[PDB]
file data22.cif (mmCIF, N, CA and C atoms)
data_target
#
loop_
_atom_site.group_PDB
_atom_site.id
_atom_site.type_symbol
_atom_site.label_atom_id
_atom_site.label_comp_id
_atom_site.auth_asym_id
_atom_site.auth_seq_id
_atom_site.Cartn_x
_atom_site.Cartn_y
_atom_site.Cartn_z
ATOM 1 N N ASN A 110 -251.871 40.516 -27.159
ATOM 2 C CA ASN A 110 -253.129 41.252 -27.129
ATOM 3 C C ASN A 110 -252.969 42.649 -27.711
ATOM 4 N N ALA A 111 -251.805 43.272 -27.508
ATOM 5 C CA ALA A 111 -251.581 44.605 -28.058
ATOM 6 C C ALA A 111 -251.516 44.567 -29.580
ATOM 7 N N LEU A 112 -250.757 43.618 -30.135
ATOM 8 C CA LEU A 112 -250.709 43.493 -31.590
ATOM 9 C C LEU A 112 -252.058 43.083 -32.167
ATOM 10 N N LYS A 113 -252.847 42.299 -31.429
ATOM 11 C CA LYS A 113 -254.176 41.942 -31.914
ATOM 12 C C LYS A 113 -255.093 43.159 -31.962
ATOM 13 N N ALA A 114 -255.048 44.001 -30.927
ATOM 14 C CA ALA A 114 -255.847 45.221 -30.946
ATOM 15 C C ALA A 114 -255.386 46.166 -32.050
ATOM 16 N N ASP A 115 -254.076 46.209 -32.311
ATOM 17 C CA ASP A 115 -253.580 47.042 -33.404
ATOM 18 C C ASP A 115 -254.061 46.522 -34.752
ATOM 19 N N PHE A 116 -254.067 45.199 -34.925
ATOM 20 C CA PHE A 116 -254.547 44.606 -36.168
ATOM 21 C C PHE A 116 -256.033 44.876 -36.361
ATOM 22 N N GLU A 117 -256.808 44.819 -35.276
ATOM 23 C CA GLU A 117 -258.239 45.084 -35.381
ATOM 24 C C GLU A 117 -258.504 46.544 -35.729
ATOM 25 N N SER A 118 -257.767 47.461 -35.097
ATOM 26 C CA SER A 118 -257.945 48.876 -35.401
ATOM 27 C C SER A 118 -257.541 49.186 -36.835
ATOM 28 N N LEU A 119 -256.451 48.576 -37.312
ATOM 29 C CA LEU A 119 -256.047 48.787 -38.696
ATOM 30 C C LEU A 119 -257.051 48.191 -39.674
ATOM 31 N N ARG A 120 -257.700 47.084 -39.306
ATOM 32 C CA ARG A 120 -258.731 46.527 -40.175
ATOM 33 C C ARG A 120 -259.931 47.460 -40.269
ATOM 34 N N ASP A 121 -260.342 48.039 -39.138
ATOM 35 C CA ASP A 121 -261.440 49.001 -39.179
ATOM 36 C C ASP A 121 -261.052 50.247 -39.971
ATOM 37 N N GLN A 122 -259.791 50.673 -39.855
ATOM 38 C CA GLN A 122 -259.323 51.815 -40.633
ATOM 39 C C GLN A 122 -259.345 51.508 -42.123
ATOM 40 N N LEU A 123 -258.980 50.281 -42.498
ATOM 41 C CA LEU A 123 -259.017 49.899 -43.905
ATOM 42 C C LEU A 123 -260.447 49.856 -44.418
ATOM 43 N N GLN A 124 -261.378 49.377 -43.590
ATOM 44 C CA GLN A 124 -262.775 49.353 -44.009
ATOM 45 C C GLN A 124 -263.302 50.764 -44.224
ATOM 46 N N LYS A 125 -262.952 51.690 -43.330
ATOM 47 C CA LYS A 125 -263.460 53.048 -43.483
ATOM 48 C C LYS A 125 -262.812 53.746 -44.676
ATOM 49 N N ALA A 126 -261.521 53.491 -44.908
ATOM 50 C CA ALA A 126 -260.860 54.067 -46.075
ATOM 51 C C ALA A 126 -261.411 53.491 -47.371
ATOM 52 N N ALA A 127 -261.880 52.243 -47.346
ATOM 53 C CA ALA A 127 -262.511 51.675 -48.531
ATOM 54 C C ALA A 127 -263.890 52.277 -48.759
ATOM 55 N N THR A 128 -264.672 52.445 -47.686
ATOM 56 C CA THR A 128 -266.020 52.981 -47.853
ATOM 57 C C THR A 128 -266.023 54.474 -48.166
ATOM 58 N N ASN A 129 -264.936 55.191 -47.872
ATOM 59 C CA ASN A 129 -264.867 56.606 -48.219
ATOM 60 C C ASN A 129 -264.417 56.855 -49.652
ATOM 61 N N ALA A 130 -264.029 55.812 -50.384
ATOM 62 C CA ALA A 130 -263.432 55.963 -51.707
ATOM 63 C C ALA A 130 -264.503 56.158 -52.780
ATOM 64 N N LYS A 131 -265.088 57.353 -52.801
ATOM 65 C CA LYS A 131 -266.102 57.684 -53.789
ATOM 66 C C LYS A 131 -265.972 59.142 -54.202
ATOM 67 N N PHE A 132 -266.432 59.421 -55.420
ATOM 68 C CA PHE A 132 -266.287 60.725 -56.058
ATOM 69 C C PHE A 132 -267.652 61.122 -56.605
ATOM 70 N N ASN A 133 -268.258 62.153 -56.011
ATOM 71 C CA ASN A 133 -269.605 62.603 -56.377
ATOM 72 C C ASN A 133 -270.634 61.483 -56.235
ATOM 73 N N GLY A 134 -270.458 60.640 -55.219
ATOM 74 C CA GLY A 134 -271.408 59.589 -54.928
ATOM 75 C C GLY A 134 -271.251 58.322 -55.737
ATOM 76 N N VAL A 135 -270.266 58.249 -56.626
ATOM 77 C CA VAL A 135 -269.994 57.038 -57.386
ATOM 78 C C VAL A 135 -268.546 56.637 -57.147
ATOM 79 N N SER A 136 -268.275 55.347 -57.320
ATOM 80 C CA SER A 136 -266.997 54.803 -56.888
ATOM 81 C C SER A 136 -266.670 53.552 -57.689
ATOM 82 N N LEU A 137 -265.370 53.332 -57.887
ATOM 83 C CA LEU A 137 -264.873 52.104 -58.490
ATOM 84 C C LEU A 137 -264.208 51.187 -57.470
ATOM 85 N N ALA A 138 -264.168 51.577 -56.197
ATOM 86 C CA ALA A 138 -263.524 50.783 -55.161
ATOM 87 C C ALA A 138 -264.475 50.257 -54.097
ATOM 88 N N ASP A 139 -265.613 50.913 -53.871
ATOM 89 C CA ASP A 139 -266.551 50.474 -52.844
ATOM 90 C C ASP A 139 -267.274 49.184 -53.206
ATOM 91 N N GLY A 140 -267.247 48.780 -54.474
ATOM 92 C CA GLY A 140 -267.911 47.564 -54.893
ATOM 93 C C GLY A 140 -269.398 47.677 -55.130
ATOM 94 N N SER A 141 -269.936 48.893 -55.224
ATOM 95 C CA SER A 141 -271.358 49.084 -55.490
ATOM 96 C C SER A 141 -271.722 48.615 -56.895
ATOM 97 N N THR A 142 -271.806 49.542 -57.849
ATOM 98 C CA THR A 142 -272.144 49.195 -59.224
ATOM 99 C C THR A 142 -271.051 48.327 -59.838
ATOM 100 N N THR A 143 -271.468 47.368 -60.668
ATOM 101 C CA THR A 143 -270.518 46.417 -61.236
ATOM 102 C C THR A 143 -269.536 47.082 -62.192
ATOM 103 N N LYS A 144 -269.946 48.154 -62.868
ATOM 104 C CA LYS A 144 -269.068 48.813 -63.823
ATOM 105 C C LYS A 144 -269.612 50.196 -64.151
ATOM 106 N N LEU A 145 -268.713 51.092 -64.549
ATOM 107 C CA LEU A 145 -269.081 52.414 -65.038
ATOM 108 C C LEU A 145 -268.933 52.437 -66.554
ATOM 109 N N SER A 146 -269.891 53.059 -67.237
ATOM 110 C CA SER A 146 -269.929 53.087 -68.697
ATOM 111 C C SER A 146 -269.768 54.526 -69.167
ATOM 112 N N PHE A 147 -268.580 54.859 -69.657
ATOM 113 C CA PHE A 147 -268.283 56.211 -70.102
ATOM 114 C C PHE A 147 -268.476 56.358 -71.608
ATOM 115 N N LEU A 148 -268.773 57.586 -72.017
ATOM 116 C CA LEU A 148 -269.049 57.896 -73.410
ATOM 117 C C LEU A 148 -267.795 57.715 -74.260
ATOM 118 N N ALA A 149 -268.004 57.343 -75.530
ATOM 119 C CA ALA A 149 -266.856 57.119 -76.403
ATOM 120 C C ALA A 149 -267.097 57.498 -77.863
ATOM 121 N N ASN A 150 -268.272 58.004 -78.228
ATOM 122 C CA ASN A 150 -268.541 58.298 -79.632
ATOM 123 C C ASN A 150 -269.743 59.231 -79.734
ATOM 124 N N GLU A 151 -269.926 59.789 -80.936
ATOM 125 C CA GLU A 151 -271.131 60.553 -81.244
ATOM 126 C C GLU A 151 -272.381 59.692 -81.126
ATOM 127 N N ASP A 152 -272.258 58.399 -81.409
ATOM 128 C CA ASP A 152 -273.375 57.466 -81.402
ATOM 129 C C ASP A 152 -273.728 56.981 -80.003
ATOM 130 N N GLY A 153 -272.974 57.395 -78.987
ATOM 131 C CA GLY A 153 -273.237 56.975 -77.627
ATOM 132 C C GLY A 153 -272.589 55.676 -77.210
ATOM 133 N N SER A 154 -271.613 55.179 -77.967
ATOM 134 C CA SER A 154 -270.935 53.944 -77.592
ATOM 135 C C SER A 154 -270.221 54.114 -76.256
ATOM 136 N N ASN A 155 -270.324 53.096 -75.410
ATOM 137 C CA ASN A 155 -269.791 53.139 -74.057
ATOM 138 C C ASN A 155 -268.316 52.741 -74.014
ATOM 139 N N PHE A 156 -267.611 53.309 -73.037
ATOM 140 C CA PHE A 156 -266.232 52.963 -72.689
ATOM 141 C C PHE A 156 -266.303 52.211 -71.362
ATOM 142 N N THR A 157 -266.405 50.886 -71.436
ATOM 143 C CA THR A 157 -266.596 50.085 -70.234
ATOM 144 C C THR A 157 -265.386 50.177 -69.312
ATOM 145 N N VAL A 158 -265.656 50.271 -68.009
ATOM 146 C CA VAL A 158 -264.627 50.214 -66.973
ATOM 147 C C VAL A 158 -265.182 49.413 -65.802
ATOM 148 N N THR A 159 -264.810 48.138 -65.717
ATOM 149 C CA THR A 159 -265.332 47.272 -64.667
ATOM 150 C C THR A 159 -264.878 47.759 -63.296
ATOM 151 N N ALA A 160 -265.776 47.676 -62.315
ATOM 152 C CA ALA A 160 -265.445 48.086 -60.958
ATOM 153 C C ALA A 160 -264.396 47.163 -60.352
ATOM 154 N N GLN A 161 -263.545 47.742 -59.512
ATOM 155 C CA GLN A 161 -262.460 47.027 -58.846
ATOM 156 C C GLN A 161 -262.656 47.181 -57.342
ATOM 157 N N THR A 162 -263.435 46.277 -56.751
ATOM 158 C CA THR A 162 -263.779 46.389 -55.340
ATOM 159 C C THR A 162 -262.531 46.345 -54.467
ATOM 160 N N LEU A 163 -262.484 47.245 -53.484
ATOM 161 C CA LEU A 163 -261.389 47.274 -52.521
ATOM 162 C C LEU A 163 -261.840 47.202 -51.071
ATOM 163 N N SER B 164 -293.010 70.397 -86.447
ATOM 164 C CA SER B 164 -293.485 70.206 -85.086
ATOM 165 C C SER B 164 -293.010 68.860 -84.548
ATOM 166 N N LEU B 165 -292.952 68.758 -83.216
ATOM 167 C CA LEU B 165 -292.370 67.581 -82.575
ATOM 168 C C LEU B 165 -292.958 66.290 -83.131
ATOM 169 N N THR B 166 -294.281 66.248 -83.306
ATOM 170 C CA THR B 166 -294.905 65.059 -83.877
ATOM 171 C C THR B 166 -294.509 64.856 -85.334
ATOM 172 N N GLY B 167 -294.177 65.932 -86.046
ATOM 173 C CA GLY B 167 -293.723 65.779 -87.414
ATOM 174 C C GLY B 167 -292.283 65.345 -87.564
ATOM 175 N N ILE B 168 -291.478 65.476 -86.509
ATOM 176 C CA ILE B 168 -290.109 64.981 -86.493
ATOM 177 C C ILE B 168 -289.990 63.693 -85.692
ATOM 178 N N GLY B 169 -291.110 63.152 -85.213
ATOM 179 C CA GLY B 169 -291.131 61.880 -84.527
ATOM 180 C C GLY B 169 -291.186 61.949 -83.016
ATOM 181 N N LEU B 170 -290.817 63.075 -82.415
ATOM 182 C CA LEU B 170 -290.921 63.223 -80.971
ATOM 183 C C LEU B 170 -292.365 63.474 -80.552
ATOM 184 N N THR B 171 -292.694 63.050 -79.338
ATOM 185 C CA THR B 171 -293.968 63.399 -78.731
ATOM 186 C C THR B 171 -293.821 64.681 -77.918
ATOM 187 N N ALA B 172 -294.959 65.277 -77.564
ATOM 188 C CA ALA B 172 -294.950 66.424 -76.666
ATOM 189 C C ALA B 172 -294.408 66.083 -75.284
ATOM 190 N N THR B 173 -294.532 64.825 -74.851
ATOM 191 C CA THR B 173 -294.071 64.395 -73.537
ATOM 192 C C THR B 173 -292.834 63.506 -73.615
ATOM 193 N N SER B 174 -292.138 63.488 -74.751
ATOM 194 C CA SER B 174 -290.957 62.645 -74.884
ATOM 195 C C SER B 174 -289.883 63.055 -73.887
ATOM 196 N N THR B 175 -289.301 62.059 -73.225
ATOM 197 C CA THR B 175 -288.229 62.264 -72.262
ATOM 198 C C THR B 175 -287.636 60.908 -71.916
ATOM 199 N N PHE B 176 -286.413 60.934 -71.400
ATOM 200 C CA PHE B 176 -285.760 59.757 -70.852
ATOM 201 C C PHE B 176 -285.885 59.749 -69.333
ATOM 202 N N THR B 177 -285.874 58.548 -68.753
ATOM 203 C CA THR B 177 -286.002 58.388 -67.311
ATOM 204 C C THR B 177 -284.816 57.678 -66.673
ATOM 205 N N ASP B 178 -284.006 56.968 -67.449
ATOM 206 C CA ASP B 178 -282.836 56.277 -66.927
ATOM 207 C C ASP B 178 -281.799 56.207 -68.040
ATOM 208 N N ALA B 179 -280.589 55.770 -67.679
ATOM 209 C CA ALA B 179 -279.457 55.878 -68.593
ATOM 210 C C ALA B 179 -279.687 55.093 -69.879
ATOM 211 N N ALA B 180 -280.377 53.954 -69.796
ATOM 212 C CA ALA B 180 -280.673 53.199 -71.009
ATOM 213 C C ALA B 180 -281.652 53.951 -71.901
ATOM 214 N N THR B 181 -282.670 54.572 -71.300
ATOM 215 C CA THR B 181 -283.594 55.379 -72.083
ATOM 216 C C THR B 181 -282.898 56.591 -72.688
ATOM 217 N N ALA B 182 -281.928 57.174 -71.979
ATOM 218 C CA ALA B 182 -281.155 58.266 -72.561
ATOM 219 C C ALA B 182 -280.298 57.778 -73.723
ATOM 220 N N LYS B 183 -279.749 56.566 -73.613
ATOM 221 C CA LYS B 183 -278.938 56.032 -74.699
ATOM 222 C C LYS B 183 -279.783 55.761 -75.937
ATOM 223 N N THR B 184 -281.023 55.305 -75.746
ATOM 224 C CA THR B 184 -281.945 55.187 -76.875
ATOM 225 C C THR B 184 -282.343 56.562 -77.407
ATOM 226 N N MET B 185 -282.473 57.538 -76.510
ATOM 227 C CA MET B 185 -282.861 58.875 -76.921
ATOM 228 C C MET B 185 -281.768 59.561 -77.722
ATOM 229 N N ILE B 186 -280.508 59.145 -77.568
ATOM 230 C CA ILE B 186 -279.461 59.671 -78.444
ATOM 231 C C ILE B 186 -279.810 59.399 -79.901
ATOM 232 N N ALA B 187 -280.070 58.131 -80.231
ATOM 233 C CA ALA B 187 -280.425 57.784 -81.602
ATOM 234 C C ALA B 187 -281.757 58.403 -82.002
ATOM 235 N N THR B 188 -282.681 58.539 -81.048
ATOM 236 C CA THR B 188 -283.968 59.149 -81.377
ATOM 237 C C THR B 188 -283.795 60.606 -81.801
ATOM 238 N N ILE B 189 -283.079 61.392 -80.994
ATOM 239 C CA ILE B 189 -282.818 62.785 -81.332
ATOM 240 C C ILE B 189 -281.950 62.893 -82.580
ATOM 241 N N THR B 190 -281.066 61.920 -82.819
ATOM 242 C CA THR B 190 -280.259 61.954 -84.036
ATOM 243 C C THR B 190 -281.125 61.788 -85.279
ATOM 244 N N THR B 191 -282.040 60.815 -85.261
ATOM 245 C CA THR B 191 -282.927 60.628 -86.403
ATOM 246 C C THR B 191 -283.844 61.830 -86.583
ATOM 247 N N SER B 192 -284.268 62.443 -85.473
ATOM 248 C CA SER B 192 -285.104 63.632 -85.579
ATOM 249 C C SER B 192 -284.330 64.799 -86.180
ATOM 250 N N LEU B 193 -283.068 64.968 -85.784
ATOM 251 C CA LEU B 193 -282.255 66.030 -86.364
ATOM 252 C C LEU B 193 -282.017 65.786 -87.847
ATOM 253 N N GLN B 194 -281.850 64.521 -88.235
ATOM 254 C CA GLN B 194 -281.629 64.210 -89.644
ATOM 255 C C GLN B 194 -282.854 64.553 -90.480
ATOM 256 N N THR B 195 -284.037 64.118 -90.038
ATOM 257 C CA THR B 195 -285.235 64.450 -90.804
ATOM 258 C C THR B 195 -285.497 65.952 -90.808
ATOM 259 N N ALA B 196 -285.128 66.655 -89.732
ATOM 260 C CA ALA B 196 -285.309 68.102 -89.712
ATOM 261 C C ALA B 196 -284.408 68.783 -90.735
ATOM 262 N N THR B 197 -283.140 68.367 -90.806
ATOM 263 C CA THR B 197 -282.249 68.960 -91.800
ATOM 264 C C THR B 197 -282.704 68.641 -93.217
ATOM 265 N N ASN B 198 -283.241 67.439 -93.443
ATOM 266 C CA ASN B 198 -283.765 67.130 -94.770
ATOM 267 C C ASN B 198 -284.944 68.032 -95.120
ATOM 268 N N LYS B 199 -285.801 68.323 -94.137
ATOM 269 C CA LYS B 199 -286.959 69.166 -94.413
ATOM 270 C C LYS B 199 -286.544 70.604 -94.706
ATOM 271 N N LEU B 200 -285.588 71.141 -93.942
ATOM 272 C CA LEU B 200 -285.106 72.489 -94.245
ATOM 273 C C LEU B 200 -284.402 72.546 -95.597
ATOM 274 N N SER B 201 -283.697 71.478 -95.980
ATOM 275 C CA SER B 201 -283.065 71.474 -97.296
ATOM 276 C C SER B 201 -284.106 71.484 -98.408
ATOM 277 N N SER B 202 -285.192 70.724 -98.235
ATOM 278 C CA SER B 202 -286.252 70.740 -99.238
ATOM 279 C C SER B 202 -286.932 72.102 -99.312
ATOM 280 N N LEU B 203 -287.124 72.757 -98.163
ATOM 281 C CA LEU B 203 -287.704 74.097 -98.177
ATOM 282 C C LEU B 203 -286.783 75.095 -98.868
ATOM 283 N N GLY B 204 -285.470 74.955 -98.681
ATOM 284 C CA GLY B 204 -284.555 75.873 -99.341
ATOM 285 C C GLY B 204 -284.507 75.657 -100.841
ATOM 286 N N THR B 205 -284.586 74.396 -101.275
ATOM 287 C CA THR B 205 -284.654 74.128 -102.707
ATOM 288 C C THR B 205 -285.932 74.696 -103.308
ATOM 289 N N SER B 206 -287.042 74.610 -102.570
ATOM 290 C CA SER B 206 -288.288 75.176 -103.073
ATOM 291 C C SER B 206 -288.213 76.696 -103.161
ATOM 292 N N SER B 207 -287.550 77.338 -102.196
ATOM 293 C CA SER B 207 -287.372 78.786 -102.284
ATOM 294 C C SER B 207 -286.491 79.163 -103.471
ATOM 295 N N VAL B 208 -285.492 78.330 -103.777
ATOM 296 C CA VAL B 208 -284.652 78.601 -104.940
ATOM 297 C C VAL B 208 -285.458 78.473 -106.224
ATOM 298 N N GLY B 209 -286.358 77.491 -106.283
ATOM 299 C CA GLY B 209 -287.223 77.378 -107.444
ATOM 300 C C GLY B 209 -288.156 78.566 -107.566
ATOM 301 N N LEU B 210 -288.626 79.082 -106.428
ATOM 302 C CA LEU B 210 -289.428 80.300 -106.438
ATOM 303 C C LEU B 210 -288.648 81.478 -107.005
ATOM 304 N N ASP B 211 -287.375 81.611 -106.629
ATOM 305 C CA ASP B 211 -286.589 82.743 -107.118
ATOM 306 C C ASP B 211 -286.316 82.629 -108.616
ATOM 307 N N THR B 212 -285.964 81.427 -109.083
ATOM 308 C CA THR B 212 -285.714 81.252 -110.510
ATOM 309 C C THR B 212 -286.982 81.468 -111.324
ATOM 310 N N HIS B 213 -288.123 80.980 -110.825
ATOM 311 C CA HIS B 213 -289.370 81.216 -111.536
ATOM 312 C C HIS B 213 -289.753 82.687 -111.519
ATOM 313 N N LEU B 214 -289.391 83.417 -110.461
ATOM 314 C CA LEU B 214 -289.643 84.852 -110.453
ATOM 315 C C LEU B 214 -288.820 85.567 -111.517
ATOM 316 N N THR B 215 -287.551 85.186 -111.671
ATOM 317 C CA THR B 215 -286.735 85.791 -112.722
ATOM 318 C C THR B 215 -287.286 85.448 -114.105
ATOM 319 N N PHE B 216 -287.742 84.205 -114.279
ATOM 320 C CA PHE B 216 -288.309 83.812 -115.565
ATOM 321 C C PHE B 216 -289.598 84.573 -115.847
ATOM 322 N N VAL B 217 -290.434 84.773 -114.825
ATOM 323 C CA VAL B 217 -291.672 85.518 -115.025
ATOM 324 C C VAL B 217 -291.375 86.977 -115.341
#

call {"tool": "encode", "arguments": {"input": "data22.cif", "output": "structure tokens"}}
result
Amino acid sequence: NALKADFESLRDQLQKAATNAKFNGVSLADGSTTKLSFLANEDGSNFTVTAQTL
Amino acid sequence: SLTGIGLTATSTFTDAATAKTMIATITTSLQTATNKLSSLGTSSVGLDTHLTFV
């Protein structure tokens, strides 16, 4: 029972550490937006970076 | 004037896709503006040469 409670607490800690993983309200680990599209040219071509949910 | 370079008085983007289209829109507007200033400068040069001839 002690190891089970420790596993449950560590799972909740992992969930909170995953949900806190954002920078200025956007994130590549929370699993929100499917991908971030960064600038790459004068013409506005995107630099795709697919989200990596954690 | 904005209507002469293709922009409207109320032209604006509302989301990232509209901003990406507005990149090319402002680019074409800047191109036609530079062409118009070049034509005005050539006309001023013709004015100066005709003044010397007169």

call {"tool": "closest_residue", "arguments": {"input": "data22.cif", "among": "A:148, A:163, A:158, A:127", "to": "chain B", "atoms": "only C-alpha atoms"}}
result
A:148

call {"tool": "atom_distance", "arguments": {"input": "data22.cif", "atom1": "atom C of residue 189 of chain B", "atom2": "atom C of residue 205 of chain B"}}
result
24.2 Å

call {"tool": "select_by_dssp", "arguments": {"input": "data22.cif", "residues": "chain A", "states": "strand (DSSP E or B)", "output": "PyMOL selection string"}}
result
chain A and resi 132+135+144-148+155-159

call {"tool": "write_last_selection", "arguments": {"input": "data22.cif", "atoms": "N, CA and C atoms", "output": "PDB file, in the frame of the given file"}}
result
ATOM      1  N   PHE A 132    -266.432  59.421 -55.420  1.00  0.00           N
ATOM      2  CA  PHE A 132    -266.287  60.725 -56.058  1.00  0.00           C
ATOM      3  C   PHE A 132    -267.652  61.122 -56.605  1.00  0.00           C
ATOM      4  N   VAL A 135    -270.266  58.249 -56.626  1.00  0.00           N
ATOM      5  CA  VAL A 135    -269.994  57.038 -57.386  1.00  0.00           C
ATOM      6  C   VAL A 135    -268.546  56.637 -57.147  1.00  0.00           C
ATOM      7  N   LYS A 144    -269.946  48.154 -62.868  1.00  0.00           N
ATOM      8  CA  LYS A 144    -269.068  48.813 -63.823  1.00  0.00           C
ATOM      9  C   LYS A 144    -269.612  50.196 -64.151  1.00  0.00           C
ATOM     10  N   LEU A 145    -268.713  51.092 -64.549  1.00  0.00           N
ATOM     11  CA  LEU A 145    -269.081  52.414 -65.038  1.00  0.00           C
ATOM     12  C   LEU A 145    -268.933  52.437 -66.554  1.00  0.00           C
ATOM     13  N   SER A 146    -269.891  53.059 -67.237  1.00  0.00           N
ATOM     14  CA  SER A 146    -269.929  53.087 -68.697  1.00  0.00           C
ATOM     15  C   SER A 146    -269.768  54.526 -69.167  1.00  0.00           C
ATOM     16  N   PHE A 147    -268.580  54.859 -69.657  1.00  0.00           N
ATOM     17  CA  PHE A 147    -268.283  56.211 -70.102  1.00  0.00           C
ATOM     18  C   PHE A 147    -268.476  56.358 -71.608  1.00  0.00           C
ATOM     19  N   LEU A 148    -268.773  57.586 -72.017  1.00  0.00           N
ATOM     20  CA  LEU A 148    -269.049  57.896 -73.410  1.00  0.00           C
ATOM     21  C   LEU A 148    -267.795  57.715 -74.260  1.00  0.00           C
ATOM     22  N   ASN A 155    -270.324  53.096 -75.410  1.00  0.00           N
ATOM     23  CA  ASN A 155    -269.791  53.139 -74.057  1.00  0.00           C
ATOM     24  C   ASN A 155    -268.316  52.741 -74.014  1.00  0.00           C
ATOM     25  N   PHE A 156    -267.611  53.309 -73.037  1.00  0.00           N
ATOM     26  CA  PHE A 156    -266.232  52.963 -72.689  1.00  0.00           C
ATOM     27  C   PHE A 156    -266.303  52.211 -71.362  1.00  0.00           C
ATOM     28  N   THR A 157    -266.405  50.886 -71.436  1.00  0.00           N
ATOM     29  CA  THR A 157    -266.596  50.085 -70.234  1.00  0.00           C
ATOM     30  C   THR A 157    -265.386  50.177 -69.312  1.00  0.00           C
ATOM     31  N   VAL A 158    -265.656  50.271 -68.009  1.00  0.00           N
ATOM     32  CA  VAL A 158    -264.627  50.214 -66.973  1.00  0.00           C
ATOM     33  C   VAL A 158    -265.182  49.413 -65.802  1.00  0.00           C
ATOM     34  N   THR A 159    -264.810  48.138 -65.717  1.00  0.00           N
ATOM     35  CA  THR A 159    -265.332  47.272 -64.667  1.00  0.00           C
ATOM     36  C   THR A 159    -264.878  47.759 -63.296  1.00  0.00           C
TER      37      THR A 159
END

call {"tool": "resolve_selection", "arguments": {"input": "data22.cif", "expression": "the PyMOL selection byres ((chain B) within 7 of (chain A))", "output": "PyMOL selection string"}}
result
chain B and resi 183+186-187

call {"tool": "atom_distance", "arguments": {"input": "data22.cif", "atom1": "atom CA of residue 149 of chain A", "atom2": "atom N of residue 195 of chain B"}}
result
23.0 Å

call {"tool": "atom_distance", "arguments": {"input": "data22.cif", "atom1": "atom CA of residue 180 of chain B", "atom2": "atom CA of residue 139 of chain A"}}
result
23.2 Å

call {"tool": "axis_aligned_box", "arguments": {"input": "data22.cif", "around": "segment 141-154 of chain A", "padding_each_side": "8 Å", "output": "lines of an AutoDock Vina configuration file"}}
result
center_x = -270.3
center_y = 53.5
center_z = -68.3
size_x = 22.9
size_y = 30.1
size_z = 42.2

call {"tool": "resolve_selection", "arguments": {"input": "data22.cif", "expression": "the PyMOL selection byres (((chain B and resi 196 and name CA) around 12) and name CA)", "output": "ChimeraX atom specification"}}
result
/B:164-170,189-195,197-203
